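Chemist: Following this: a sequence and the matching experimental structure.
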Amino acid sequence: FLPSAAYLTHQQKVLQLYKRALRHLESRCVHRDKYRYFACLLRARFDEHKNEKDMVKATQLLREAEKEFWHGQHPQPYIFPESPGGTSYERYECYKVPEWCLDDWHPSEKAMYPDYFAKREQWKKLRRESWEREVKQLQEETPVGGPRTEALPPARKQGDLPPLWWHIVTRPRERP
Amino acid sequence: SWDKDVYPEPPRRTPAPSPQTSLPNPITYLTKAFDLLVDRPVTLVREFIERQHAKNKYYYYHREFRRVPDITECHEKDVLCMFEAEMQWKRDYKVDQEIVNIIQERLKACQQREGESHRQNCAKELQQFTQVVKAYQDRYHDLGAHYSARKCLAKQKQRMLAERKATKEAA
Amino acid sequence: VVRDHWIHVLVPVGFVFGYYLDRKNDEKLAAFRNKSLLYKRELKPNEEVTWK
Amino acid sequence: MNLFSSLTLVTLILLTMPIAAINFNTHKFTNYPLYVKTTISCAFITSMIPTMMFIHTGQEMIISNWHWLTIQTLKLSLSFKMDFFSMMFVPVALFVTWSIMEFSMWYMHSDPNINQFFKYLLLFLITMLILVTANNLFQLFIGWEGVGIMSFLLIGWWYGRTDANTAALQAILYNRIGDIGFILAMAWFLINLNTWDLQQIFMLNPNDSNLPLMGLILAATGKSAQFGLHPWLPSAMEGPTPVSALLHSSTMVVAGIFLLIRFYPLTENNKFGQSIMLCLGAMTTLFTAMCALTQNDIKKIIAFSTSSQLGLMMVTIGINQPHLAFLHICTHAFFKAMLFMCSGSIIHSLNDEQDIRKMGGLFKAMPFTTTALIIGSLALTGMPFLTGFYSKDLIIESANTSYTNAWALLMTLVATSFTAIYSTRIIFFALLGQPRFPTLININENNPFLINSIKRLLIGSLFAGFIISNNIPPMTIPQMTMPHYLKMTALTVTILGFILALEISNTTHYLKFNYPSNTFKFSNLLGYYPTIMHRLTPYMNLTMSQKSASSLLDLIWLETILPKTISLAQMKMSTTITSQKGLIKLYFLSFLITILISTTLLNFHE
Amino acid sequence: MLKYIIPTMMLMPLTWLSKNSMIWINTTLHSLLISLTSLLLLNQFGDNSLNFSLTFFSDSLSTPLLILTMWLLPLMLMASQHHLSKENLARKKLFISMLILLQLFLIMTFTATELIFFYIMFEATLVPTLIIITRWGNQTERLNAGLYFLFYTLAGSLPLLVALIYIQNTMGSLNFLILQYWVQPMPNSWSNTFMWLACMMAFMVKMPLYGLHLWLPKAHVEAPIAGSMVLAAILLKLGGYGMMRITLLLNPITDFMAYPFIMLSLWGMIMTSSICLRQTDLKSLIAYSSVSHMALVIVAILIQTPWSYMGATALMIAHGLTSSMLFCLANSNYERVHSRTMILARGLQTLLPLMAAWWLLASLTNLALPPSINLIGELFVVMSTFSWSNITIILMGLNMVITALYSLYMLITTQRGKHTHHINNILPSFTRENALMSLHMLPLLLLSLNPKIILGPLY
Amino acid sequence: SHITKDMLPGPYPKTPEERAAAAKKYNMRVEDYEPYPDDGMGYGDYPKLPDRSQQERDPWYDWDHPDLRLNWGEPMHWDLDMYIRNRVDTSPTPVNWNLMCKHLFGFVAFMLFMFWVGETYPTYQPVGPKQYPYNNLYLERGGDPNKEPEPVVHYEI
């Protein structure tokens, strides 16, 4: 369930296991120095059988490693206050008013803010002028009838903006 | 105003506090300042408004009724007899509900005046409360929402006939 | 003021008409003028009426 | 009396003018926080005076006016009184909330929606004040559901954040179970004593007091975050910080047991009632005490701590000592308002990381908040003559010197040891250890409003416990005749708890990495009660809502039984009648057999 | 009462011979003047009712419902543009005149002296609503909804006429006083049981109770806002009004025969509050809410306590206001996004900052907020039913818990947490919609100050 | 403006045409399409999914609808109203489920058992009654001012 590929990798799965076990050992192990000791012990335990030339033995050790990890996890791991489940986790989703709005104002409030609305007008002209031919030709020129991936190509032909940029550039500041 | 014999009040009992030691007494200074800042101007305003009231003179009277005879003297159908009968009964019902309200307010006031000893000087009012409310429970209670007057007289006949059978068994 | 716009005068005059006709019905139903056993005083002071 | 009644009514009426200020605003203010803070200060400085007159003379009173729907034998007005509890509680709440106005000037300065916030919080104060002044029981119910719904809004302040509105939904659900308990008690009072009025109800003593007191127990264990309905309290901590401070330090959480403190002449009798009281209190006390161990957030530790304190107050109602429970309300209110406000100061100073892991080094990082935390988490246990001595230790003395349940005593004893050890662990992980918090630090307390608020509440929690707890008329018999090891036992248990927690701390200094043994899990996962019940009962009710209610009973079966069978009967009879090909011989044979069946079979000439 | 009948007639050719873009102002202004004149009625005192003829008379049950009808007319007549403002002048005038004629038959029905006249004006109220919801239903099953509405309400309501003719020619006339002052008990035979079942089952169809309630939600989700609000508020509370009047006869047999209807109403109140917790189609939640609250009303009518009748009429009026307003907010959100669903139109705390106050205040008047009239009604029904039996208060409080749950879920679903950021057509809130919200809420709070009006006959 | 044949009458049979139409219609893989089956509970031919799907779907994929975990073209499992975050969280638990309910019910049974053992075996300090002066404090009980003067006295010990 990832945008660029279908399966992660074997190495990617071992690597996610390593980051999750190291994070849970952070949360388990306070005072940071016994943490550093146990983290180097874990790094050594990965080093002792990292260089095995098989593949079914690699997935064997991976599967038993998930067993002996899920035995020893921590109930409330220290997740950061931006991660899902965290303390904040879009705390300031109260104030992410999107920018398809702000055009439905009365013109007196538009007369209070001259320069920002003039520059929004020139950005909106830049959106409307460079939408049809360039973006739709690059989106209906390079793909096959099945796209088979979600990475979209940059604009490297001659000039202007990359395709499908508007609701990725004009997103809110995430600390308004 | 109000009659002192329908909403009774016991006489006042108020001590004179003898201060042992001398700090003295912040609330006495504060209540004299309260008197001078609140009690005088509101009294002057009320006296002005009362003079403006007593320039002219309105009067409102109390509405009073007569005694239309009975429901026991009305016949089989006779709708222009039962009408006066049941409206007279319904006005008795309203004023009797307010009798119960007066007695229950007396019970509340006996609770709050007599303090943390409830059972001293509240036995008489609780006694008359249980008396009048025993009368109400006997007389108006178990008839429901579509009372007109006739279910009350049917309850009257049924209760006195049952007590007639009870005293015949007691004979 | 009337023939300038005559549309807003319609329902207040209709209500005045209905009020007049309710008073006319009340004058039509004027039996038992002083024949109730409760609301019955002698007629006074001037002329013949206690409600209309 | 003029001064007494007039000043109580202006303490109620000063908390209506800023609502008029926002309603008639029309040109938006900037000093509206300053306005709300100075009117709360004026409300406190007019609420000090009639309490002083109350202790100086006595002179309790009720006021009652503007009766509406005086329909049957009852009548109900806006009727509120000031007695011992009813005006010994109000200045404490106003004082606490004025300090929270200071701290919420500071903490919520950088969010531009501050005016609606102070509107909501002032309206919450108004509703809880209406709850603690009234004697008409319906007005108590008004204050009840009003503080329930303002608790809903202030928990769900941060829109977005599905944890917050999940929390608010859980809080309003357990408040409606408080409502079903309270309306059962109200129904029994109406039908058996013609009213809901505390004067008349206390005037009698109805002896069959089982159904109303069971309803009161259900309402109190709903509103006061207790066992069976407790786990909404850390979830309620998941909102903003001064919200949680006001909402679960002084107000909104004592309103469960304040009702039982009000109904002391009705719970004089009914030994079954007091047995239920103190069994429930001991269960809550041990359960949230053991659940408070191995918690790694600040606010959830403080929520489990205040749940244990309300457990001691239910024990205090189980033993016949209501006035000690009220004294514990007051001191507890000062104390944990100060504790929440100090933790909110630290959390906003340290970029809101908010957790006990990655929290450590804060002593000498300016030590005003560390002084606040050590005074607080000192005062939580029994410290021999501080504010937390008087209430809690008179509670355990009167609990030990009584005809008790003999296991509830042991539960309160063990949970006093547990509150000693999580107080020690919150001190040790919050202030003492090696500093574990990320660089580019801007730890800041050069700040007027923060130090003024913390200053005002430390001055509160040092003196006002004694000042309140000494000059009151003795409404009970103090015990005062204990043996040895029954008066000493409070300090004995707190000291052995400190030794136990300090040796656990020095084992945390070691390095062994022991595996958990599932009692760690049982104390760490909030208990298994939130996970088990919140995954069963939302799944069971809605699984029976989709199958039975949604698809099965209404739509599919009721649309087959009433429309479909009738419509199919009409369709089949029509397709049998009108499906006639046009041959005339069939029609005249029908005429002939009609004539014969009318003559000889079913007679019509006879 | 003729002073209220005849300007309702006179307000109809107003709409025809007013010119283009001037029918609106004249009809709104004159119906609001009719609302003031309607509020001048409230004279009713003490002993008797008031008689506005041998044809018209007003009990104190009929007074607040009549003022509710003549107050809900101009609110609706303003509420029903922007989904027919682009339509024709003739069809627009036909719609407005249809609402005026429906008001006329509702006034006919609420000031009905005779029960025969009450039945005729009952189904005369039934007539135009089918035409309204079918011609402007704006969905594809409006035919099915109007047809189920018609045949349910007739086929339940129809042997009521036969029972009323039988009472007409076995006891003389059917004035409510001479039906009263003469009514004799009717013993436990079987023909009396069928007469009771005919009358009470006709009104059971009209309320509805649980076994007959799929009548309603199609007629609300597949109907315009005018037919929806009039249908819910005035037609269901008119059915309750009718049961209140006709239950004065048949005094002894209701104790014998009125247990299973109490049962079906209670258990279906619980199941209906459960079914409106998990649905989509935002309009339908208020419909099943109305089914739950009128099942509570039915329990309140069939138990026969004065506390129960006061709580019943208070619950009727408060729920009529609340459910009509909440229908109107649902139509406002549907005009914002052409969805009718619930999980789509998310966000709306950030955008539309004022609409949150009306959603919250309507959801709290549906929550039974304690000074409001809704809790007054529900509280007296709970008091009376706990006097009925000591065990049935569990179902009442469980209804209370689930009612708070689904109402506040309906709040925090549509208008809490994240805009779906692909909507980008919603405009800021007009003055019209907020004027409608202020016309709904402010009479409810001003009755919450002084509810001695809306408590009915047994005040 | 919508096709009438994008709704869903009838169950799975027959196997080539209706399964091909449903797989093209629900934007699903052919072997991933599963009807319920047709036990007659309604349900049409709407697919069966792995039924939990909302505390999974790791939130760093950055799909369209952030607080719903949908992606505009998923078949939207039949019970989604019961499955949103803020309704039901079927996360993989840190312990178990059966072992959890066993420990909880055993602990609640133990606490209520010890409360019953307490309720049959109280504690008390070695102390007689509270001795009341005037006839077990008569005339400040329920009353009867002249009915029952009950002779009871206390003695100094």
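Modeler: Nice, thanks for sending it over. Numbers count the residues shown, from 1 in each chain, chains lettered A, B, ... in the order given.
Chemist: List the residues that contact the closest residue to residue F:63 other than its chain neighbours.
Modeler: With sequence-adjacent residues excluded and distances taken as CB to CB, 6 or more residues apart in numbering or on different chains, residue F:63 is closest to residue F:71, at 4.3 Å. Every residue, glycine included, has its C-beta placed from N, CA and C. Counting by CB atoms under 8 Å, 6 or more residues apart in numbering or on different chains, residue F:71 touches F:63-65.
Chemist: Next, see if stretch D:41-60 gets close to chain B.
Modeler: Yes - Stretch D:41-60 comes into contact with chain B (CB under 8 Å from any CB of the partner chain), by way of D:49, D:52-53, D:56-57, D:60.
Chemist: Now that stretch: buried residues?
Modeler: D:43-44, D:46-47, D:49-51, D:53-54, D:60 (16 or more other CB atoms under 10 Å in any protein chain shown).
Chemist: And what about residue 19, helix, strand or coil?
Modeler: As the question left the chain open, I've gone with chain A. Using DSSP: H, G, I helix; E, B strand; the rest coil, the three-state assignment for residue A:19 comes out as helix.
Chemist: how close does it get to chain F?
Modeler: Separation of residue A:19 from chain F (CB to the nearest CB, to the nearest Å): 13 Å.
Chemist: any idea how far stretch B:133-152 is from the chain center?
Modeler: Average the C-alpha atoms of stretch B:133-152, do the same for its chain, and the two points are 20 Å apart (CA atoms, centre = their mean, to the nearest Å).
Chemist: how deep is the residue lying closest to residue D:171 once chain neighbours are set aside tucked in, by neighbour count?
Modeler: Leaving out its chain neighbours, the residue that sits closest to residue D:171 by CB to CB, 6+ apart is residue D:232, at 5.0 Å. Counted with other CB atoms under 10 Å in any protein chain shown, residues neighbouring residue D:232 total 23.
Chemist: Residue A:89 now?
Modeler: Going by other CB under 10 Å, the residues that sit close to residue A:89 add up to 19.
Chemist: Regarding it, what is its secondary structure?
Modeler: Secondary structure of residue A:89, per three-state DSSP, is coil.
Chemist: Identify the residues contacting it.
Modeler: With contacts defined as CB under 8 Å, 6+ apart, residue A:89 is in contact with A:81-83, D:161, D:163.
Chemist: for residue E:276, same thing?
Modeler: Going by CB under 8 Å, 6+ apart, residue E:276 touches E:284-285, E:287-289, E:292, E:406.
Chemist: Got the phi and psi for residue 141?
Modeler: With no chain named, the answer covers chain A. Taking degrees, to the nearest 10, you get phi -110, psi -60 for the backbone angles of residue A:141.
Chemist: What separation do you get for it and chain C?
Modeler: Computed with CB to the nearest CB, the distance linking residue A:141 and chain C is 66 Å.
Chemist: and the gap between that residue and chain B?
Modeler: 81 Å.
Chemist: Give me the neighbour count for that residue.
Modeler: 9.
Chemist: now, among the contacts of residue F:71, which is nearest to residue E:32?
Modeler: Of all the contacts of residue F:71, residue E:32 sits closest to residue F:65, with 44.4 Å by CB to CB.
Chemist: is any part of the longest helix along chain E close to chain A?
Modeler: Counting residues, the longest helix found in chain E (DSSP state H) is helix E:306-336. No - residues of helix E:306-336 are not located near chain A by CB under 8 Å from any CB, the shortest gap being 12.5 Å.
Chemist: quick one on the thing from earlier: which of the residues of stretch D:41-60 next to chain B sits closest to residue B:136?
Modeler: The closest of the residues of stretch D:41-60 next to chain B to residue B:136 turns out to be residue D:60 (CB to CB; 31.3 Å).
Chemist: gap between the closest one and chain A?
Modeler: Relative to chain A, residue D:60 is positioned 47 Å away (criterion: CB to the nearest CB).
Chemist: near chain E, from the contacts of residue A:89?
Modeler: Within the contacts of residue A:89, those near chain E by CB under 8 Å from any CB are residue D:161.
Chemist: Neighbour-wise, which one of the contacts of residue A:89 leads?
Modeler: Highest neighbour count within these: residue D:161, with 24 neighbours (other CB under 10 Å).
Chemist: Residue D:79 falls within a helix, correct?
Modeler: No - membership of residue D:79 in a helix is not supported by three-state DSSP, which gives strand.
Chemist: Ignoring the adjacent residues along the chain, who's closest to it?
Modeler: Of all residues apart from its sequence neighbours, residue D:64 sits closest to residue D:79 (CB to CB, 6+ apart), at 3.8 Å.
Chemist: so where does the one you found fall, helix or strand?
Modeler: When secondary structure is defined using DSSP states H and E, the element that contains residue D:64 is strand D:61-65.
Chemist: Partner strands of that strand and their direction?
Modeler: Based on DSSP bridges, the pairing partners of strand D:61-65 within the sheet are strand D:78-82 (antiparallel).
Chemist: in the strand it pairs with, what counts as buried?
Modeler: In terms of neighbour count (16+ other CB under 10 Å), strand D:78-82 has its buried residues at D:79-82.
Chemist: got those residues as CSV, with distance to residue A:26 columns?
Modeler: As requested, those are arranged in CSV below (distance: CB to CB, whole Å):
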residue, distance to residue A:26
D:79, 59
D:80, 55
D:81, 57
D:82, 55
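Chemist: out of those residues, who's nearest residue E:167?
Modeler: The shortest separation between residue E:167 and any of those is 47.5 Å, and it belongs to residue D:79 (by CB to CB).
Chemist: I figured the closest one hits residue D:140, correct?
Modeler: No - checked against CB atoms under 8 Å, the pair residue D:79 and residue D:140 is beyond contact range at 10.6 Å.
Chemist: tell me, what's touching the two both at once?
Modeler: Once CB under 8 Å, 6+ apart is applied, the residues that residue D:79 and residue D:140 both contact turn out to be residue D:134.
Chemist: Looking at the buried residues of stretch D:41-60, spot the one nearest residue D:333.
Modeler: Top of the list for closeness to residue D:333, among the buried residues of stretch D:41-60 and by CB to CB, is residue D:44 at 13.8 Å.
Chemist: element containing the closest one, please.
Modeler: helix D:32-57.
Chemist: tell me what that helix is packed against?
Modeler: Contacts defined by 3 or more CB pairs under 8 Å, 6 or more residues apart in numbering or on different chains; DSSP states H and E place helix D:32-57 against helix B:26-34, helix D:2-13, helix D:17-23, helix D:84-88, helix D:90-107, helix D:114-133.
Chemist: circling back to that earlier point, can you name the element that comes right after the longest helix of chain E?
Modeler: Proceeding C-terminally, helix E:306-336 gives way to helix E:355-366 as the next helix or strand, assigned by DSSP H and E.
Chemist: got the angle between that next one and helix D:114-133?
Modeler: Counting by axes from the mean of the first three to the mean of the last three CA atoms, to 10 degrees, helix E:355-366 points 20 degrees away from the direction of helix D:114-133.
Chemist: Please identify the buried residues of helix E:355-366?
Modeler: Going by 16+ other CB under 10 Å, helix E:355-366 has these buried residues: E:355-356, E:358-366.
Chemist: tell me the angle it makes with helix E:306-336.
Modeler: Helix E:355-366 runs at 160 degrees relative to helix E:306-336, counting by the same axes, to 10 degrees.
Chemist: What distance do you get for residue D:98 to residue D:502?
Modeler: The gap separating residue D:98 from residue D:502 is 37 Å, by CB to CB, to the nearest Å.
Chemist: still on that earlier bit, ok, the buried residues of helix E:355-366 vs chain A, which is closest?
Modeler: When the buried residues of helix E:355-366 are compared for distance to chain A (CB to the nearest CB), residue E:356 wins out at 12.1 Å.
Chemist: Pull the contacting residues for the closest one.
Modeler: Shown here is residue E:356, whose contacts under the criterion CB under 8 Å, 6+ apart are E:348-349, E:415.
Chemist: Determine which residue lies closest to the centroid of chain C.
Modeler: Residue closest to the average C-alpha location in chain C (CA atoms, centre = their mean): residue C:23, at 2.4 Å.
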